[PDB]
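A.B. asks: For reference, the file entry-v7.cif (mmCIF, C-alpha atoms) is included below:
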```cif
data_work
#
loop_
_atom_site.label_atom_id
_atom_site.label_comp_id
_atom_site.auth_asym_id
_atom_site.auth_seq_id
_atom_site.Cartn_x
_atom_site.Cartn_y
_atom_site.Cartn_z
CA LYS X 1 7.50 -10.66 20.58
CA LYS X 2 4.06 -9.35 21.85
CA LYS X 3 5.36 -5.69 21.82
CA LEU X 4 5.82 -5.82 18.00
CA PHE X 5 2.33 -7.39 17.52
CA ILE X 6 0.72 -4.67 19.74
CA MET X 7 2.55 -1.98 17.63
CA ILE X 8 1.03 -3.34 14.33
CA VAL X 9 -2.58 -3.77 15.67
CA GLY X 10 -2.36 -0.59 17.86
CA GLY X 11 -2.07 1.70 14.78
CA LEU X 12 -5.22 -0.01 13.35
CA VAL X 13 -7.33 0.25 16.58
CA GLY X 14 -5.98 3.84 17.10
CA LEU X 15 -8.13 4.95 14.09
CA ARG X 16 -11.20 4.76 16.48
CA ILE X 17 -9.56 7.30 18.88
CA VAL X 18 -8.22 9.57 16.06
CA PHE X 19 -11.68 9.55 14.33
CA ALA X 20 -13.44 10.47 17.64
CA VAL X 21 -10.99 13.43 18.17
CA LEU X 22 -11.41 14.55 14.49
CA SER X 23 -15.25 14.43 14.86
CA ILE X 24 -15.34 16.40 18.19
CA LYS X 25 -12.85 19.01 16.71
CA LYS X 26 -15.48 19.85 13.99
CA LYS X 27 -18.18 20.32 16.76
#
```
Mind turning this structure into C-alpha coordinates?
C.D. replies:
Amino acid sequence: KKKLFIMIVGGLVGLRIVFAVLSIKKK
(Lines of atoms letter the chains of each structure in order from A and count residues from 1; the text may use other names and numbers.)
(Lines give C-alpha, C1' and ligand atoms only; values in the text may rest on other atoms or scores of the structure.)
Protein backbone atom coordinates (compact mmCIF):
# COMPACT_ATOMS: atom_id res chain seq x y z
CA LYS A 1 0.00 0.00 0.00
CA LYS A 2 2.72 2.58 -1.04
CA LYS A 3 0.00 5.08 -2.25
CA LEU A 4 -1.37 5.40 1.34
CA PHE A 5 2.18 5.86 2.78
CA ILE A 6 2.97 8.59 0.16
CA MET A 7 -0.35 10.35 1.11
CA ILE A 8 0.66 10.51 4.85
CA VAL A 9 4.31 11.68 4.27
CA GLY A 10 3.32 13.90 1.27
CA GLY A 11 1.23 16.26 3.48
CA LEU A 12 4.29 16.59 5.81
CA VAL A 13 6.87 17.29 3.00
CA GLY A 14 4.28 19.59 1.30
CA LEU A 15 4.83 22.13 4.17
CA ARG A 16 8.19 23.04 2.43
CA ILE A 17 6.32 24.00 -0.81
CA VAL A 18 3.41 25.76 1.01
CA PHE A 19 5.92 27.75 3.19
CA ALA A 20 7.92 28.83 0.07
CA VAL A 21 4.67 30.06 -1.65
CA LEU A 22 3.54 31.86 1.59
CA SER A 23 6.99 33.58 1.87
CA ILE A 24 7.11 34.72 -1.83
CA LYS A 25 3.43 35.99 -1.55
CA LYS A 26 4.59 38.47 1.20
CA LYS A 27 7.44 39.71 -1.14
A.B. asks: Provide the atom CA of residue X:27 to atom CA of residue X:13 distance in Å, to one decimal place.
C.D. replies: 22.8 Å
A.B. asks: Quick one: distance from atom CA of residue X:19 to atom CA of residue X:7 in Å, one decimal?
C.D. replies: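 Taking atom CA of residue X:19 and atom CA of residue X:7, their separation equals 18.6 Å.
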A.B. asks: When you draw a straight line from atom CA of residue X:6 to atom CA of residue X:18, how long is it in Å?
C.D. replies: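 So the two atoms, atom CA of residue X:6 and atom CA of residue X:18, lie 17.2 Å apart.
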